[PDB]
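Both blocks below hold the same protein chain, though in two forms, and each is given as structure tokens: structure 1 and structure 2.
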Structure 1
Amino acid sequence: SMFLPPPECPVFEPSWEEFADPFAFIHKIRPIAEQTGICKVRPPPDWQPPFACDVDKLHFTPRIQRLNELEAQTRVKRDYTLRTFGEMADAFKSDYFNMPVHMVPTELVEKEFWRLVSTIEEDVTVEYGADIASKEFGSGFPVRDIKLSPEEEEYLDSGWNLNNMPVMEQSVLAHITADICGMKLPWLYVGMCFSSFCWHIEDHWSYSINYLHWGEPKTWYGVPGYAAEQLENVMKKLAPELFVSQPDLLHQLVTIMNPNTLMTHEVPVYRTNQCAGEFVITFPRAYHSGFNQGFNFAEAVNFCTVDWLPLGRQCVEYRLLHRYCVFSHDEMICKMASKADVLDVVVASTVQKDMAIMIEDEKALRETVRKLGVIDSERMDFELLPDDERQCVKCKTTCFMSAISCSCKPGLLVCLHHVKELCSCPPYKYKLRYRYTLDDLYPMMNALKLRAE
């Protein structure tokens, strides 16, 4: 009645040994956690990264948020210190419930959240912080610089120090030379009571990992990757405004929606309260949303393992939706092949398999455009072009392996799926621009095979 809490997601308590390597651990829990979309990881009891900062010198610009179910919000985008925000946040929650903050049951805040967002006549608005790490506001984890205490240095090189996560050997998003600071740098989140994150999945269907440094809990709802399209069909029915096309990445539209609505619609949903010192991990294409129970401070980062590689290719195939890419998946694959000698051997083996598919698809696409009467061709170093200068005019995909150009439309490109969409000139006026010949590509893949042995 009113709100039935979804079942709890899995909670893992790894030993110091299991905990040692995050990527090995994540791979281990994957068969369980991928069925629920999110999971919680409790670190071993003594793993306690020191959080220290001045609440007066850290400044940030707050976002403002209206709390209405099914209303469109833009996913990314006054001035507080951490202290003045905290004072605002505590007073807000205290006044809302006429209670001291620690006496307000989490179950009640959850019930109340879903009451207030559904109720038209309540116009509750809240504020929050969300920015990537910078000099005005830096990571909650120890970083290198200022003299560090011995305990801080203990955690400098932790796998679970979220600064290190994108640049470890197991991960594939590291050696991406391309500018993608929005998604390989950690984001910092300053929460207050009811401040919420709308239903979404991560760019390129990556994993994410969220650490709550301190404060009151963060409540999560998650849906397994296998159910992503079920969820979207439900959302399209109840809020079609979110699904109209949108000129870029800055304008992705998202919304608050009751998990019970999804569960009625046969979409599996799980929940958890994430407390201070705990991790939440989201898996590829796992929808998630949630809200904060009170004043808190979280840090999160995207990442990609070898398990993710085939999904990353399927994700870019964005093409059907005409959605912008954050980076070129093929460019990343070829960059890794060009570094085959210093790659991890398991990485090498998995990249090799994705590369083989890439090459077979590219062979077929080039044959098709040849049969359309595109004859002239020229090598082109796509990776040198700013991304906005190498998007398919039609489907907006970021080109790297190849594209079609025409002298009559200088600077415009289409991917090889959209040769007919470039201009009205006959095909013999077109040029195939390619990064590599098929003969360049087979030795690159062979280097991976030798490294993988």
Structure 2
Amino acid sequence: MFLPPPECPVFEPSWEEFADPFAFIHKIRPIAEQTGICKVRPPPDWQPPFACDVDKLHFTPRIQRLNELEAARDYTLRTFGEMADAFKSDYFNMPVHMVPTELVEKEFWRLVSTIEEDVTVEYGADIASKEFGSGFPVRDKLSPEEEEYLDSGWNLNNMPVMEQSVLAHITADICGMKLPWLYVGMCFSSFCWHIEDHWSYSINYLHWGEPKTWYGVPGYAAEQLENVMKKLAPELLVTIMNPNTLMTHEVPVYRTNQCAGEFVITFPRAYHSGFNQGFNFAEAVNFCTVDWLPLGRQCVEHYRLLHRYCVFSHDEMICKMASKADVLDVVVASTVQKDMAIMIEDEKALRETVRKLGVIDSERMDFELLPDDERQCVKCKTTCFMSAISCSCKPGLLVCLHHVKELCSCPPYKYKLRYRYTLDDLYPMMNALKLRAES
């Protein structure tokens, strides 16, 4: 038996509300952050055209064996869809459009929990927009109808580069966290419980096909969910776990059926999972708002405790924006300035601590020029930028300032503090942000 979780919130914005996606996301945040995910239906006439040749775009999908708590060939879009439809109609012995969504959901959770069944499916997942092309129109002759949607904020190609996005002036290739990803689904293909890199937002648009079923958990319950999954499946790596099991342990869970033409938004640190009802085509991108900035700093601290790799350096992003203060949105400048003040005070305290450990020598270093795998802390794997410690006895190795004692057997007077900026360089950068924000 499966008891469906309660429905997440659904918004139907007016044209005035819809005109600015970041203003609308900030508007709904008080409600939606209490449920982790939400759904947005655009105005009825917002109808971006989709054009793909089903025969000229190829992919190799991942094979999925349906098993709860458990951690190939080439298709065209046409041949995948023929495989997908025949699978679903043979599975239920019905036409695909007659299979109720409540029954597919019930059957999915039965399937993953029975070991007597060996059902396997395929999922065209994490296809890069760069090779395959986007489902939204982009500049590359386009029709006037496609030109109408080129500059829409809800065209997911635009959202990362708008002024309210805090990566808009970041030119580093912060790994496809600025380019959309595509997902070609079939019946029962799924995504496991997870949160986004650096606790970012995500936004997902279903271009066409049968619905995508979601489950979501609010950001405030993240550690509660993690404690529950540690007790029940310590081997974890992500997995499928029945939402009724989380609910039994007092974790709040919400559901929705996302249909063609609808958006789903996930909020910072919000766990989510789901599965596809049938053949469909989705597109998604990550993004970061000013709301997110202090959570982004908390996230990198949490990664350090766990010894987890970073996708980018948060401090490097902050300093890059400071160096472009004159072209930032004024509310962006204000919020970056507050995060930078915390950064500088934490950095000041860390440098005093390592000096009292006996590190005396020092030298400026342009960390941003090193490949990422050449500037990770030996102990905690954090990506260094503000500063690190090196030792002549172990060339090329770095520790962050929390892990001075983990580098060398040599005494600390043989160490060197490598630093990007003096404290005296940092305070004028923060003042430029203040001037920008106060005007």
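Residue positions are counted from 1 along structure 1's sequence. So that the term is clear: the rigid core is the largest set of C-alpha atoms that superpose within 1.5 Å between two forms.
Participant: After superposing the two forms on their rigid core, pick out the one entry in 346, 132, 372, 364 with a CA shift of 2 Å or more between structure 1 and structure 2.
Facilitator: Among the listed residues, the outlier is 132.
Participant: Upon rigid core superposition, what is the positional shift of the Cα of residue 423 between structure 1 and structure 2, expressed in Å to one decimal?
Facilitator: For residue 423, the C-alpha ends up 1.3 Å from its position in the other form.
Participant: After superposing on the rigid core, how much does the Cα of residue 91 shift between structure 1 and structure 2, in Å?
Facilitator: For residue 91, the alpha-carbon shift amounts to 0.3 Å.
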